[PDB]
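A closer look at the structure
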Amino acid sequence: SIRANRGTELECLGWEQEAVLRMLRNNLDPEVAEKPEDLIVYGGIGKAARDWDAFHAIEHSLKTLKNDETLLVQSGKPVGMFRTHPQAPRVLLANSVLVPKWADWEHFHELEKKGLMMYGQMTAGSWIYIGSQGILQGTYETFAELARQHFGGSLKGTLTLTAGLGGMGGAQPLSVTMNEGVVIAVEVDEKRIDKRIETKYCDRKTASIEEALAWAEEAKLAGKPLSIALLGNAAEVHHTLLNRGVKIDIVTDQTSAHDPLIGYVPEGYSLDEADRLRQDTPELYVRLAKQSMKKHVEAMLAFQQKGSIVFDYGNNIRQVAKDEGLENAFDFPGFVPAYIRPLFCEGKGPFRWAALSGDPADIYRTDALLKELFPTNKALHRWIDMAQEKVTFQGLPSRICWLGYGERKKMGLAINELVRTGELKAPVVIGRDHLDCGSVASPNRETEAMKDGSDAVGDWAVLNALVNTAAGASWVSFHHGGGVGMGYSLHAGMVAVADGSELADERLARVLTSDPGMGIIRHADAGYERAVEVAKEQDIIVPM
Amino acid sequence: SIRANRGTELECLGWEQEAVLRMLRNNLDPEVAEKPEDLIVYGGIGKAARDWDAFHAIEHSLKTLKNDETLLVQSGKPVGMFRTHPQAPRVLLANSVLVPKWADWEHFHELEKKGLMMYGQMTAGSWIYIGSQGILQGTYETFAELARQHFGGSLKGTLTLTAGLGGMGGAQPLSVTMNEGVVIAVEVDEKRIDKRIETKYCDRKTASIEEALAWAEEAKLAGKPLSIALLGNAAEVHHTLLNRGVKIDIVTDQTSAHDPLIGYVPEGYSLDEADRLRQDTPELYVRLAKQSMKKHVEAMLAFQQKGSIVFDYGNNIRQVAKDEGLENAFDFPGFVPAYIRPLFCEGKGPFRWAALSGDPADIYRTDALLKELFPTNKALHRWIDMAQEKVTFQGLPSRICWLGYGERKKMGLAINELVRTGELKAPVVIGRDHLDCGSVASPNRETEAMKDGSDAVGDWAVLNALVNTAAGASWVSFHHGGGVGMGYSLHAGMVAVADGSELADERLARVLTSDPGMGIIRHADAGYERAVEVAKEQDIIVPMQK
Ligand SMILES: NC(=O)c1ccc[n+]([C@@H]2O[C@H](COP(=O)([O-])OP(=O)(O)OC[C@H]3O[C@@H](n4cnc5c(N)ncnc54)[C@H](O)[C@@H]3O)[C@@H](O)[C@H]2O)c1
Ligand SMILES: NC(=O)c1ccc[n+]([C@@H]2O[C@H](COP(=O)([O-])OP(=O)(O)OC[C@H]3O[C@@H](n4cnc5c(N)ncnc54)[C@H](O)[C@@H]3O)[C@@H](O)[C@H]2O)c1
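Per the deposition metadata, X-ray crystallography was the technique used to determine this entry, at a resolution of 2.20 Å.

1. Topic: the overall build of chain B
Scanning chain B from N- to C-terminus turns up 18 helices and 17 strands. Viewed in the frame of its principal axes, chain B has a C-alpha envelope of about 65 × 55 × 50 Å. Surface summary for chain B: the accessible area is close to 17800 Å², and the carbon and sulfur share equals 48%. For chain B, the distance from the average position of its 60 positive side-chain charges to the average position of its 74 negative side-chain charges is 2 Å.

2. Considering the domain arrangement of chain B
Residues and elements named next belong to chain B. Partitioning chain B into structural domains gives domain 1 (1-131 + 340-546) and domain 2 (132-339). Centre-to-centre separation of domain 1 and domain 2, based on C-alpha positions: 27 Å. In this complex, domain 1 contributes 44 residues to the contact, which on the side of domain 2 involves 42 residues. Of the roughly 3300 Å² buried between domain 1 and domain 2, counting both surfaces, carbon and sulfur atoms make up 55%. Contact with domain 2 buries area across many residues of domain 1, yet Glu-34, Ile-340 and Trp-383 alone supply 20% of it, more than any other trio. Where domain 1 touches domain 2, the interface holds three salt bridges. As a salt-bridge pair, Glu-34 and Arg-196 come within 2.8 Å of each other at their nearest N and O atoms. Between the two partners, domain 1 and domain 2, sit 25 residue pairs in polar contact. Sorting the residues of the side of domain 1 that touches domain 2 by element identifies α3 (105-113), α12 (335-344), α14 (378-390) and β13 (398-400) as the ones contributing at least two each. Ranked by residues supplied to the side of domain 1 that touches domain 2, first place goes to α12 with five residues.

3. A word on the sheet that holds strand β10 (residues 250-251) of chain A
Residue and element names in this part refer to chain A. Overall, parallel pairing links the six strands, which are arranged β8-β9-β7-β6-β10-β11 in an open sheet. At either margin of the open sheet sits one strand with a lone partner, and together these are β8 (204-206) and β11 (309-310). Where strand β7 (residues 182-187) meets strand β9 (residues 226-231), six bridges bridge the pair, whose relative direction is parallel. Paired with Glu-187 across the two strands is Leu-231, which belongs to β9. Its contacts with the sheet put helix α8 (residues 234-242) on β6 (159-163), β7 and β9, and the angle it makes with β6 is roughly 155°.

4. So, the site of ligand 2
Residue and element names in this part refer to chain B. Near ligand 2, the surroundings consist of 33 residues, among which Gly-43, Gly-44, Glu-187, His-258 and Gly-483 are the closest. Between ligand 2 and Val-188, the relevant distance is 3.4 Å, taken from a nitrogen atom to a main-chain nitrogen or oxygen of the residue. Coverage of ligand 2 by the protein chains reaches 97% of its 880 Å² of free accessible surface. Taken together, the residues of the shell around ligand 2 sort by class into 12 nonpolar, 16 polar and five charged.

5. Regarding the pairing of strand β17 (residues 490-498) of chain A
Residue and element names in this part refer to chain A. Judged by how many residues are buried, β17 sits mostly within the fold: nine of nine residues are covered. Burial of β17 is two-sided: the residues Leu-490, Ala-492, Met-494, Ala-496 and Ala-498 facing one way and the residues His-491, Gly-493, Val-495 and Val-497 facing the other way are all buried. Where strand β16 (residues 475-480) and β17 come together, six bridges link them in antiparallel fashion. The partner of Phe-478 across the bridge, within β17, is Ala-492.

6. Some remarks on the UniProt feature "active site" in chain A
Residue and element names in this part refer to chain A. Here the UniProt-annotated "active site" positions come out as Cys-401. Its location among the elements puts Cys-401 in the loop between β13 (398-400) and α15 (407-421). Overall, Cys-401 belongs to the buried group, its relative accessible area being 1%. Beyond its immediate sequence surroundings of up to four residues, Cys-401 is in contact with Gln-137, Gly-349, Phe-351, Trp-353, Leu-370, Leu-380 and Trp-383.

7. Considerations on the side chain of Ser489(B)
Residues and elements named next belong to chain B. Structurally, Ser-489 can be placed in the loop between β16 (475-480) and β17 (490-498). Taking relative accessible area as the criterion, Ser-489 reaches 1% and is therefore assigned buried. At 2.9 Å, the side chain of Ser-489 and the backbone oxygen of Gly-482 are in polar contact.

8. A word on the nonpolar core
Formed by 208 residues in total, the largest nonpolar core has its most connected members in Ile415(A), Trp127(B), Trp353(B), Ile415(B) and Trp475(B). By size, the runner-up hydrophobic cluster in this structure holds 71 residues, among which are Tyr42(A), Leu62(A), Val73(A) and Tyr201(A).

9. As for the packing of aromatic side chains
Inspection of the entire model under this criterion finds 29 aromatic pairs over all chains. For the pair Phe108(A) and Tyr119(A), a centre-to-centre distance of 6.4 Å together with 80° between the ring planes defines the contact as edge-to-face. With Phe108(A) in helix α3 (residues 105-113) and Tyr119(A) in the loop between α3 and α4 (133-150), this residue pair connects regions lying 11 residues apart in the sequence. A single burial state applies to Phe108(A) and to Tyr119(A), both of which are buried. Taking the centre distance of 5.4 Å and the plane angle of 80° together, the rings of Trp52(B) and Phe55(B) count as edge-to-face. Pair noted here: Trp52(B) and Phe55(B) are both in helix α2 (residues 52-64), with a separation of three residues, about one helical turn.

10. Things to note about the site of ligand 1
Residue and element names in this part refer to chain A. Surveying the vicinity of ligand 1 reveals 33 residues, the closest of which are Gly-43, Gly-44, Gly-169, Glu-187 and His-258. Backbone polar atom of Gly-44 to an oxygen atom of ligand 1: 2.8 Å apart, as the coordinates give it. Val-188 is positioned such that a nitrogen or oxygen atom in its backbone is 3.5 Å from a nitrogen atom of ligand 1. Isolated, ligand 1 exposes 880 Å² of accessible area, and the fraction of that covered by the protein chains is 96%.

11. With respect to the interface of chain A and chain B
Taken together, the contacts link 76 residues of chain A with 76 residues of chain B. Between chain A and chain B lies a buried interface of about 6200 Å² when both sides are counted; carbon and sulfur atoms form 72% of it. Sorting the residues of chain A by area buried against chain B places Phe82(A), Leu466(A) and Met544(A) first, and these three jointly supply 11% of that buried surface. Here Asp525(A) and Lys77(B) are joined by a salt bridge, their closest N and O atoms 2.8 Å apart. Applying the counting rule to chain A against chain B returns 21 residue pairs in polar contact. Of all the secondary-structure elements, those providing two or more residues to the side of chain A that touches chain B are α2 (52-64), β3 (69-74), β4 (77-83), β5 (91-95), α3, α16 (459-471), β16 and α17 (502-526) of chain A. Classifying every residue of the side of chain A that touches chain B gives 45 nonpolar, 22 polar and nine charged.

12. With respect to the sheet that holds strand β10 (residues 250-251) of chain B
All names here are of chain B. In spatial order, the strands read β8-β9-β7-β6-β10-β11; together these six strands make up an open sheet with parallel pairing. The sheet is open, and its two borders are formed by β8 (204-206) and β11 (309-310), each paired with just one other strand. Alignment of β8 against strand β9 (residues 226-231), held across three bridges, turns out to be parallel. Bridged to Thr-206 within β9 is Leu-230.

13. Brief notes about the side chain of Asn27(A)
Residue and element names in this part refer to chain A. Take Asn-27: it is sitting in helix α1 (residues 15-27). Residue classification places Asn-27 among the buried residues on the basis of a relative accessible area of 0%. Non-local contacts of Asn-27, meaning those with residues more than four positions away in its chain, are made with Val-32, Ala-33, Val-41, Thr-123, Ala-124, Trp-127, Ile-128 and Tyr-129.

14. Some points on unusual backbone geometry
Phi at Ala449(A) takes a positive value of approximately 55°, unusual for a residue other than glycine. Along the chain, the position of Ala449(A) falls in the loop between β15 (440-441) and α16. The partly exposed category is assigned to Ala449(A), whose relative accessible area is 47%. The residue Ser96(B) is not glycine, and still its phi comes out positive at about 70°. Topologically, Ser96(B) is positioned in the loop between β5 (91-95) and α3.

About the thresholds
Within every chain, residues carry numbers counted from 1 in written sequence order, not necessarily those of the entry, while residues missing coordinates are excluded from display. For this description, chains carry letters from A and ligands carry numbers from 1, given in the order in which they are written. Excluding hydrogens and water, the side-chain figures rest on all heavy atoms present in the structure. The numbering of helices and of strands both runs from the N terminus, where a helix is a DSSP run of H or I of at least 4 residues and a strand a run of E of at least 2. Note on areas: Shrake-Rupley, 1.4 Å probe, and residue coverage restricted to the protein chains presented here. In this tally, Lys and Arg are treated as positive and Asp and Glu as negative; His is ignored, and so are the chain termini. One atom stands in for each charge, and that atom is NZ of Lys, CZ of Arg, CG of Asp or CD of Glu. The start and end points of each domain follow an automatic or database-based domain assignment. Contacts are residue-level and defined by heavy atoms, with any inter-residue pair within 4.5 Å sufficient. Note: buried area is the sum, over both parts, of the accessible area (probe 1.4 Å) each one loses when the two are combined. Salt bridges are identified by distance alone: a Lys or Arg side-chain nitrogen within 4 Å of an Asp or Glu carboxyl oxygen. Within 3.5 Å is the distance limit for a polar contact, defined as a pair of N or O atoms, with the added protein rule that one can donate a hydrogen and the other accept it, and that residues adjacent in sequence qualify only through two side-chain atoms. A pair of strands is treated as paired once DSSP finds two or more bridges between them. To obtain each axis, a line is fitted to C-alpha atoms, and for helices this fit is confined to the stretch in contact; angles are then taken between N-to-C directions over 0 to 180 degrees. By convention in these notes, a residue is near a molecule or strand provided one of its non-hydrogen atoms lies within 4 Å of it. Ten residues, namely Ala, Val, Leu, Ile, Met, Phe, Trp, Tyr, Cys and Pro, are considered nonpolar, four, namely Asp, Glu, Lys and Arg, are considered charged, and the remaining ones, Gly among them, are considered polar. A 1.4 Å probe rolled over the protein chains alone gives each residue an accessible area, and that area as a share of the maximum for its type sets the label: buried under 20%, exposed over 50%, partly exposed in between. UniProt positions are given in the numbering used here, feature names are shortened, and annotations may be inferred rather than shown by experiment. Take the buried residues of types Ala, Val, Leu, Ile, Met, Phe, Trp, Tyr and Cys, join any two whose side-chain atoms come within 4.5 Å, and each joined set is a nonpolar core. In summary, the pairing rule links any two rings of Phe, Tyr or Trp, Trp by its six-membered ring, whose centres are within 6.5 Å, and it sorts them by plane angle into stacked for under 30 degrees, edge-to-face for over 60 and tilted for everything else.

What follows is the structure, given as structure tokens:
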């Protein structure tokens, strides 16, 4: 049982290096991770380190790492260490990167068996995962925007259908609930449902569809919010609800479709049976899993034709159905081009922070800070109040709060000031998911249907990592295949520590500017007016 | 026509930024580039900037760029500029990167015509190209090691057959010749042949196969070295040489097979006809080009089966043949696993430097410098002597000289010392090709047949770019598809400026250690014994070790 150290006592030579060690450990905290005993944090086999030997080597390196040194991590394995500068990142990570022609699961697995690979997902291998909260606001905003577009600005009296109650998928129920809606989420592993119930991310659970629908109608009628976890296999249940004529307003999905071998259970198999299918006949498992997802998607399309609003929530499931012959698998859009992109054009993203002290008092303090720095932003305050009331901390106390260009720097510098004066009991790590305004290229998700068709351009993601290393981040990462699977994405991550020092003030101002700035210029280059405007408004250099 | 500024006069706010401006221009110097009117430096369409407008914007940005600022270049286009630190790179570049599933020439061309793409090759888009000399020692060393392996340690008395006399391929003739051998290099464009001849990278030329064979035979007997450029199409010429029973000792190739649309002329078409075929029916063109490259490779396999030593010289030709149906296209090895890999295990690679002064005297001075710093190293002295004797400068006087781990830092700090005292008349840029011991991932070339089977792992190339940025290089780049084409490689470049300042001494010591250091830890991780030895000898940290 691994968990981040608490307090002000260090195990490393400096706070910046201790921050890495604590966040690495926090990623594997039983309250945080989905299956830490196997180093799995979330999203299928998204791991924190290659294996246990690698894990322990990183810990040792981190404790002896000097203030002007940089540790190199290659797919969860510490592979080198060189002298740099106090302003350079303490750690540099490159996880799951494969030459394009070999960027598929088949080759990944071949390298994995040889002990040469690890799947870092986005925040799993870059140590900045904060439990189900990380994606919460992202999922909340997506549904909130969908609400304003089709239901008058609220999901009150509407029923949402989805599946997948894992680390990140588990945030779907609370997201719909916070928007005042009713939701039924299908999950095939009761253990997963319990995790969501225990952590307050889902209200109820049931194994019978009849009971689920009765609760949903009752809540929809009384116009009250309600989350219901339905035990079953979505590929099957969705068709049952479909052929029963149930009225479903919104349909999406978040099973780990990006990984046919691990993330999706084939219809007709119990978990035990599926486990054996997976172990004994892996290739059979995949063929059957793919067939199930094709069927799962046919059901989503049927709902869309029936009138419900349907969208892909970034698990690449549409691609899987497409690959099986479903020519119209992409008849419904991805949540980014449909609901979130405008937020990116303002430099907004899943910006977040964690209190190394371990004391929630620090998070509450940063929460009040937000209101002090942005007194006129009603929505921001509404979000913080919801967060404080409905989110239960996991591992080190943390906060998800989408801030845009400028707002990030301002918050980061303020946080560092409170760490220095002591209002914040210990240093705080500032980070984000790799899904952000200027850190990722992913044709089936974040960069789906860019107005200029630059969907596949991966230069920006690479530039994001390069500039943030130059700007002075604490640890920078470059991953491949996060979210959508092998061959479908390239993205970067950035974490900077606010230890209260003057050095941090310098680095924070720089990197908290470059990171979101990157997002503004990428969208300005694509021709998004709001982004072009933000550039002029906050003096973001756009050469041409 | 464009060329690098010369002298101590500055157009930028500092020498580091000035260095960028001059290497950028030097890349398009008529003396250096293959087709600078279209921003083309070498290797098919490897360019220096997306288009002319992008080029001029870069210049303007470079002239106002401050000592603690960083310009961002995306596929040859300046897209942003942020405040960083004096030790952070002045320019960060990401060229040609495409999400894997879309990393093919079809999607590249689609984006390119929309003005959304540029092929950076390796040193074209990262402004560190120095004419044909850049790859010269690499090619010399390849043939040198091959000689030791199959011909007693010399090519004297052997005949090599190859093709491709472009910017990089043009170094083949001289490379064989420097090994005392005889070579016939087939080139379909006479203007390309004249270019090699004028730059002294090739001895003679002829459009007569008969004449060529007679010159080679005469020389192979007299035991004299001789390079012959043969006007023609390899697809056809090689089969003629094969079917007439010519005795050929070594066969390789260096046409631009990595780019079917631009780099290979289909058999049976004049250059003028191929241009129209290419503009009008690009898809048909590619089909015909691939058809011809298959025939070309079938001839190479025939020579091998006939007893000649054959090898792929990094243009991905084997792949193009394989994709066409030649099931045994990979019957001959790539030069890296066969001849160069041991060098990478020493952290060696196409290390290079250029004199921003524009005065060859600075280079001759660095040539003497090398000997002073490594007075015991006979091999190093011999190479530098050959280069200074056989290499005619192009654009800013520059020197290619392979240095391994440790040696790079020593030479770099020494050079900086000479810039400080004034013996060197101006700052010098220290760089290299993206092909190096720890900067690239390329299953069909640099990482072909890694002993642990880690061929396709691309993490190290990324880490290379990342570490050098942290180390304090002047400009770092990360490209996709260099050398072998779209989808086949990921790699990083690194350039550092020795301007005589103390800031440079510190940055130089840091980055000239990390760059080659990465090469050592990558091969050691793969299990290469010499690499593990060098790590122990130099105390290079390998975290998994207790
Ligand atoms: N859009 C985003 O912002 C975002 C962010 C993070 C992760 N993701 C993606 O979301 C997906 C889920 O991530 P996660 O961390 O929750 O994954 P996870 O691996 O932790 O959980 C996946 C869940 O899918 C369930 N499942 C598999 N087959 C099923 C079936 N047939 N019916 C019902 N449930 C089934 C599993 O039992 C499990 O609980 C992944 O594809 C991931 O990459 C998206
Ligand atoms: N192994 C290495 O260290 C290394 C280094 C740099 C470049 N390269 C590769 O070498 C190749 C050539 O590079 P370059 O800069 O010389 O390219 P280039 O585009 O400048 O020149 C290619 C030459 O091929 C010729 N050609 C095309 N079809 C021909 C035919 N049928 N017969 C004879 N000649 C023909 C062209 O006329 C041209 O002169 C590329 O594939 C490049 O990526 C390898």
